[PDB]
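Take a look at this single chain, the form deposited in one PDB entry, given in structure tokens.
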């Protein structure tokens, strides 16, 4: 079934590396995406070596584009509370501000 999300926004902080529960390495970052009418704060996840591009080319405040799909998941946090999240899993990340 169809599942596509496209965003352009600015990173709220420097990107990071994490490993998924299965031991898969990813890059993560949060985009502040301005509305056309205020902003939304969207957590993005990048698999494969694109994670290295993300962690080297992007920093806090960088403009980035993402083309990906929405994925849901949940987990129990440190305090023992179940957190439910919806994240953008990136098919590609575009570095719109190279200089």
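Positions refer to the first chain, counted from 1.
The entry models residue 37 and residue 38 with a gap of 4 to 9 deposited residues left without coordinates. Legend: mean Cα B-factor per stretch from the PDB entry, 81-89 versus 17-25; the higher mean is in 17-25.
For the two regions 70-78 and 39-47, the entry's Cα B-factors average higher over 70-78. Among the modelled residues of its chain, residue 2 has a C-alpha B-factor that falls in the middle third according to the deposited record.
Another form, the form deposited with a small molecule bound, is not on view; read the next lines as being about it.
For the candidate spot formed by 14, 32 and 60, no residue has a non-hydrogen atom within 4.5 angstroms of the small molecule in the deposited bound form. Heavy atoms of residue 82 never reach within 4.5 Å of the small molecule in the deposited bound form, leaving it off the interface. Shown alone here, residue 71 lies within 4.5 Å of the small molecule in the deposited bound form, counting heavy atoms only.
Proximity of residue 45 to the small molecule in the deposited bound form: non-hydrogen atoms within 4.5 Å are present.
The closest non-hydrogen atom of residue 87 lies within 4.5 Å of the small molecule in the deposited bound form.
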